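What follows is the content of protein34.pdb (PDB, C-alpha atoms and all ligand atoms).
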```pdb
ATOM      1  CA  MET A   1     -15.496  -2.317  -1.140
ATOM      2  CA  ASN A   2     -12.458  -4.382  -0.140
ATOM      3  CA  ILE A   3      -8.628  -4.242   0.033
ATOM      4  CA  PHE A   4      -8.213  -5.217  -3.602
ATOM      5  CA  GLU A   5     -10.611  -2.662  -4.890
ATOM      6  CA  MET A   6      -9.173  -0.123  -2.557
ATOM      7  CA  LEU A   7      -5.588  -0.550  -3.655
ATOM      8  CA  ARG A   8      -6.631  -0.785  -7.349
ATOM      9  CA  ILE A   9      -8.078   2.693  -6.927
ATOM     10  CA  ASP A  10      -4.976   4.010  -5.209
ATOM     11  CA  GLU A  11      -2.349   2.544  -7.520
ATOM     12  CA  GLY A  12      -4.100   2.258 -10.869
ATOM     13  CA  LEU A  13      -3.103  -0.382 -13.507
ATOM     14  CA  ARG A  14      -0.281  -0.027 -16.066
ATOM     15  CA  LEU A  15       0.877  -2.803 -18.299
ATOM     16  CA  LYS A  16       4.170  -1.276 -19.316
ATOM     17  CA  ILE A  17       7.064  -0.380 -16.995
ATOM     18  CA  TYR A  18       6.619   3.060 -15.448
ATOM     19  CA  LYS A  19       8.087   5.310 -12.769
ATOM     20  CA  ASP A  20       6.196   5.651  -9.491
ATOM     21  CA  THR A  21       5.851   8.882  -7.452
ATOM     22  CA  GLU A  22       9.424   8.444  -6.127
ATOM     23  CA  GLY A  23      10.812   7.766  -9.581
ATOM     24  CA  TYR A  24      11.190   3.996  -9.163
ATOM     25  CA  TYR A  25      10.532   1.444 -11.820
ATOM     26  CA  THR A  26       7.218  -0.256 -11.283
ATOM     27  CA  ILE A  27       4.608  -2.159 -13.235
ATOM     28  CA  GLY A  28       1.011  -3.468 -12.973
ATOM     29  CA  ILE A  29      -0.811  -2.463  -9.811
ATOM     30  CA  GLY A  30       1.890  -0.656  -7.949
ATOM     31  CA  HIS A  31       4.343  -3.595  -8.134
ATOM     32  CA  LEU A  32       7.762  -2.065  -7.347
ATOM     33  CA  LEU A  33      10.459  -3.649  -9.489
ATOM     34  CA  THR A  34      13.636  -1.998  -8.317
ATOM     35  CA  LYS A  35      15.033   1.136  -6.783
ATOM     36  CA  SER A  36      17.925   1.039  -9.183
ATOM     37  CA  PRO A  37      18.085   3.774 -11.789
ATOM     38  CA  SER A  38      18.565   1.189 -14.582
ATOM     39  CA  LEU A  39      15.796   0.165 -16.956
ATOM     40  CA  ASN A  40      17.661  -2.996 -17.613
ATOM     41  CA  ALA A  41      17.835  -4.022 -14.084
ATOM     42  CA  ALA A  42      14.077  -3.293 -14.044
ATOM     43  CA  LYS A  43      13.528  -5.414 -17.126
ATOM     44  CA  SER A  44      15.512  -8.187 -15.564
ATOM     45  CA  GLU A  45      13.502  -8.092 -12.314
ATOM     46  CA  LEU A  46      10.293  -8.094 -14.367
ATOM     47  CA  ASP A  47      11.284 -11.203 -16.313
ATOM     48  CA  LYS A  48      12.245 -12.969 -13.148
ATOM     49  CA  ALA A  49       8.918 -12.011 -11.508
ATOM     50  CA  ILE A  50       6.716 -13.179 -14.412
ATOM     51  CA  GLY A  51       8.734 -16.095 -15.524
ATOM     52  CA  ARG A  52       9.261 -15.212 -19.165
ATOM     53  CA  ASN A  53      11.032 -12.788 -21.474
ATOM     54  CA  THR A  54       8.619  -9.857 -21.344
ATOM     55  CA  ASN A  55      10.331  -6.916 -22.799
ATOM     56  CA  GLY A  56       8.752  -4.515 -20.239
ATOM     57  CA  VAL A  57       5.175  -5.407 -21.141
ATOM     58  CA  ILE A  58       2.737  -7.758 -19.333
ATOM     59  CA  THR A  59      -0.806  -8.760 -19.625
ATOM     60  CA  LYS A  60      -3.712  -7.922 -17.341
ATOM     61  CA  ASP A  61      -3.806 -11.469 -15.972
ATOM     62  CA  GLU A  62      -0.047 -11.240 -15.166
ATOM     63  CA  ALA A  63      -0.671  -7.862 -13.457
ATOM     64  CA  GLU A  64      -3.395  -9.345 -11.302
ATOM     65  CA  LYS A  65      -1.303 -12.301 -10.352
ATOM     66  CA  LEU A  66       1.514  -9.989  -9.040
ATOM     67  CA  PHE A  67      -1.158  -8.019  -7.255
ATOM     68  CA  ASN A  68      -2.552 -11.060  -5.469
ATOM     69  CA  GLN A  69       0.902 -12.033  -4.406
ATOM     70  CA  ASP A  70       1.660  -8.547  -3.198
ATOM     71  CA  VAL A  71      -1.427  -8.278  -1.108
ATOM     72  CA  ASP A  72      -0.765 -11.692   0.426
ATOM     73  CA  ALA A  73       2.790 -10.648   1.233
ATOM     74  CA  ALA A  74       1.566  -7.416   2.892
ATOM     75  CA  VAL A  75      -0.793  -9.270   5.138
ATOM     76  CA  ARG A  76       1.903 -11.811   5.993
ATOM     77  CA  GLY A  77       4.430  -9.129   6.783
ATOM     78  CA  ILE A  78       1.966  -7.502   9.149
ATOM     79  CA  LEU A  79       1.236 -10.786  10.969
ATOM     80  CA  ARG A  80       4.856 -11.573  11.289
ATOM     81  CA  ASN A  81       5.800  -8.118  12.617
ATOM     82  CA  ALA A  82       5.822  -7.767  16.416
ATOM     83  CA  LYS A  83       4.894  -4.132  16.252
ATOM     84  CA  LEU A  84       2.214  -4.466  13.597
ATOM     85  CA  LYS A  85       0.496  -7.601  14.562
ATOM     86  CA  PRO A  86      -1.049  -6.394  17.747
ATOM     87  CA  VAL A  87      -2.389  -3.309  16.060
ATOM     88  CA  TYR A  88      -3.940  -5.190  13.229
ATOM     89  CA  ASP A  89      -5.484  -7.655  15.710
ATOM     90  CA  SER A  90      -7.100  -4.836  17.577
ATOM     91  CA  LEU A  91      -8.741  -3.212  14.594
ATOM     92  CA  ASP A  92     -12.087  -3.695  12.801
ATOM     93  CA  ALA A  93     -12.258  -4.951   9.212
ATOM     94  CA  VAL A  94     -12.310  -1.588   7.464
ATOM     95  CA  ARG A  95      -9.391  -0.135   9.402
ATOM     96  CA  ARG A  96      -7.414  -3.348   8.838
ATOM     97  CA  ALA A  97      -7.655  -2.561   5.161
ATOM     98  CA  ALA A  98      -6.102   0.846   5.740
ATOM     99  CA  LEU A  99      -3.199  -0.734   7.572
ATOM    100  CA  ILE A 100      -2.626  -3.160   4.685
ATOM    101  CA  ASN A 101      -2.669  -0.228   2.251
ATOM    102  CA  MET A 102       0.023   1.572   4.152
ATOM    103  CA  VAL A 103       2.187  -1.529   4.316
ATOM    104  CA  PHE A 104       1.703  -2.166   0.662
ATOM    105  CA  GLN A 105       2.834   1.308  -0.106
ATOM    106  CA  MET A 106       5.738   1.694   2.300
ATOM    107  CA  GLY A 107       6.764  -1.637   3.519
ATOM    108  CA  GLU A 108       6.520  -3.209   6.913
ATOM    109  CA  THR A 109       9.569  -1.478   8.154
ATOM    110  CA  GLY A 110       8.305   1.897   7.168
ATOM    111  CA  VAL A 111       4.952   1.468   8.855
ATOM    112  CA  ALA A 112       6.460  -0.149  11.983
ATOM    113  CA  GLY A 113       8.226   3.203  12.343
ATOM    114  CA  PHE A 114       4.997   5.120  12.975
ATOM    115  CA  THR A 115       5.257   4.269  16.604
ATOM    116  CA  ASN A 116       3.138   6.909  18.104
ATOM    117  CA  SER A 117       0.360   6.621  15.510
ATOM    118  CA  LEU A 118       0.315   2.888  16.007
ATOM    119  CA  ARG A 119      -0.128   3.230  19.739
ATOM    120  CA  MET A 120      -2.934   5.663  19.145
ATOM    121  CA  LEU A 121      -4.722   3.361  16.755
ATOM    122  CA  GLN A 122      -4.407   0.548  19.201
ATOM    123  CA  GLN A 123      -5.978   2.800  21.808
ATOM    124  CA  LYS A 124      -8.799   3.703  19.438
ATOM    125  CA  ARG A 125      -8.069   7.441  19.612
ATOM    126  CA  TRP A 126      -9.107   8.029  15.979
ATOM    127  CA  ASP A 127      -8.879  11.786  15.645
ATOM    128  CA  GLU A 128      -5.643  11.906  17.424
ATOM    129  CA  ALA A 129      -4.088   9.159  15.338
ATOM    130  CA  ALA A 130      -5.257  10.913  12.183
ATOM    131  CA  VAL A 131      -3.534  14.131  13.197
ATOM    132  CA  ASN A 132      -0.318  12.300  14.049
ATOM    133  CA  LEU A 133      -0.370  10.286  10.847
ATOM    134  CA  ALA A 134      -0.536  13.523   8.849
ATOM    135  CA  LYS A 135       2.748  14.806  10.291
ATOM    136  CA  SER A 136       4.874  12.680   8.008
ATOM    137  CA  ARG A 137       6.822  12.700   4.877
ATOM    138  CA  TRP A 138       4.289  10.181   3.621
ATOM    139  CA  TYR A 139       1.396  12.693   3.909
ATOM    140  CA  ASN A 140       3.465  15.556   2.557
ATOM    141  CA  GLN A 141       4.644  13.732  -0.551
ATOM    142  CA  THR A 142       1.338  11.942  -1.478
ATOM    143  CA  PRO A 143      -1.356  13.956   0.279
ATOM    144  CA  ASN A 144      -4.426  12.768  -1.573
ATOM    145  CA  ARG A 145      -3.650   9.144  -1.195
ATOM    146  CA  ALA A 146      -2.512   9.479   2.383
ATOM    147  CA  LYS A 147      -5.710  11.396   3.143
ATOM    148  CA  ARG A 148      -7.794   8.504   1.890
ATOM    149  CA  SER A 149      -6.146   6.067   4.242
ATOM    150  CA  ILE A 150      -6.181   8.508   7.097
ATOM    151  CA  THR A 151      -9.926   9.157   6.703
ATOM    152  CA  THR A 152     -10.483   5.422   6.649
ATOM    153  CA  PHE A 153      -8.659   5.096   9.994
ATOM    154  CA  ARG A 154     -10.612   8.074  11.359
ATOM    155  CA  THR A 155     -14.114   6.926  10.383
ATOM    156  CA  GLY A 156     -13.927   3.230  10.027
ATOM    157  CA  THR A 157     -15.964   3.521   6.782
ATOM    158  CA  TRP A 158     -15.122   3.529   3.042
ATOM    159  CA  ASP A 159     -16.398   7.029   2.491
ATOM    160  CA  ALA A 160     -13.076   8.330   1.053
ATOM    161  CA  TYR A 161     -13.328   5.851  -1.776
ATOM    162  CA  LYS A 162     -16.975   6.148  -2.616
ATOM    163  CA  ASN A 163     -17.244   7.928  -5.951
ATOM    164  CA  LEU A 164     -13.737   6.821  -7.061
TER     165      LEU A 164
HETATM  166 CL    CL B 201       7.742 -10.996  -7.195
HETATM  167 CL    CL B 202      -1.322  11.471  -3.666
END
```

Using structure tokens, write down the structure that the file contains.
Ligand SMILES: [Cl-]
Ligand SMILES: [Cl-]
Amino acid sequence: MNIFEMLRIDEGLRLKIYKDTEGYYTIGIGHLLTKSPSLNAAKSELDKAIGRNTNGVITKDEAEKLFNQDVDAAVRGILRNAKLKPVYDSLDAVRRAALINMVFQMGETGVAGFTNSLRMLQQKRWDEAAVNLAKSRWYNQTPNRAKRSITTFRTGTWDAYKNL
């Protein structure tokens, strides 16, 4: 298992523009296009992202290319963030993947906000961090997905994804 496989499980793959859990226009493997309520604005962002006139539909290869870029960006955002970097540095390989997942889903800013959980992960207080992470809008709105990342942080294994 790895970050790519992990996020592919969590986000799925759609080749036509769709609405995510929050109602925002997205495509491919969880690639957010825009928060604007306009399909056109979404179509325009899509074209700009792919480099051609798509008409809201892309190929699998195109989807994967956005995905690679998005994962790269997530890692880079973590390493550039003063609050995130130290945490990430302190963690093992499996847990690092969970941190990337959260950033991919909510953005660097969002995750940097989980101050207390972050301190707990840095301290390696797994059970406690898991409890704190659960007290969030994030867990309440997307419980199954959040639970998978939380378990990953708790156990340091891929057990939550084995079967999926
Ligand atoms: Cl892009
Ligand atoms: Cl969910």

Write out as a count of residues only the residues lying within 9 Å of range 23-39 of chain A, counting all atoms listed in the file and excluding same-chain residues fewer than 3 positions away.
-> 32

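Interatomic distance, CA of residue 156 in chain A against CA of residue 21 in chain A: 27.0 Å.
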
How close does each residue of chain A get to ligand CL 202 (chain B), giving the shortest atom pair and distance in Å to one decimal for every residue with an atom at most 10 Å away, counting all atoms listed in the file, sorted by chain and residue number, as a tab-separated table?
```
residue	atom	partner	partner_atom	distance
A:10	CA	B:CL202	CL	8.4
A:11	CA	B:CL202	CL	9.8
A:21	CA	B:CL202	CL	8.5
A:138	CA	B:CL202	CL	9.3
A:139	CA	B:CL202	CL	8.1
A:140	CA	B:CL202	CL	8.9
A:141	CA	B:CL202	CL	7.1
A:142	CA	B:CL202	CL	3.5
A:143	CA	B:CL202	CL	4.7
A:144	CA	B:CL202	CL	4.0
A:145	CA	B:CL202	CL	4.1
A:146	CA	B:CL202	CL	6.5
A:147	CA	B:CL202	CL	8.1
A:148	CA	B:CL202	CL	9.0
```

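With only C-alpha atoms as the atoms that count, the minimum distance from residue 2 in chain A to the choices A:131, A:71, A:111, A:120 is reached by A:71.
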
Could you pull the residues within 10 Å of residue 158 in chain A, counting only C-alpha atoms, minus those fewer than 2 positions along the same chain, as a VMD selection string?
-> chain A and resid 1 to 2 6 94 to 95 97 to 98 148 to 149 151 to 153 155 to 156 160 to 162

Using all atoms listed in the file, pick whichever of A:5, A:61, A:72, A:128 has the shortest atom-to-atom distance to ligand CL 201 (chain B).
-> A:72

Given 4 Å of margin on each side, can you work out the centre and size in Å (one decimal) of an axis-aligned box holding every listed atom of range 80-87 of chain A, as AutoDock Vina command-line options?
```
--center_x 1.7 --center_y -7.4 --center_z 14.5 --size_x 16.2 --size_y 16.3 --size_z 14.5
```

For the file shown, report as an NGL selection string the outcome of the PyMOL selection byres (((chain A and resi 110) around 12) and not hetatm) at residue level.
-> :A and (77-78 or 81 or 83-84 or 99 or 102-109 or 111-115 or 118 or 136-138)

Name the residues that the PyMOL selection byres (((chain A and resi 129) around 9) and not hetatm) pulls out of this structure, and write them as JSON, numbers by chain.
-> {"A": [116, 117, 118, 119, 120, 121, 124, 125, 126, 127, 128, 130, 131, 132, 133, 134, 150, 153, 154]}

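Straight-line separation from CA of residue 3 in chain A to CA of residue 135 in chain A: 24.4 Å.
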
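Candidate residues A:80, A:163, A:122, A:51 were compared for distance to ligand CL 201 (chain B), and the nearest is A:51, using only C-alpha atoms and all ligand atoms.
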
Using only C-alpha atoms and all ligand atoms, which of the listed residues (A:41, A:53, A:4, A:73) sits closest to ligand CL 201 (chain B)?
-> A:73

Across A:47, A:89, A:159, A:22, the smallest distance to ligand CL 201 (chain B), with all atoms listed in the file counted, is shown by A:47

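CA of residue 69 in chain A is found 23.1 Å from CA of residue 92 in chain A.
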
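Candidate residues A:91, A:40, A:65, A:55 were compared for distance to ligand CL 201 (chain B), and the nearest is A:65, using all atoms listed in the file.
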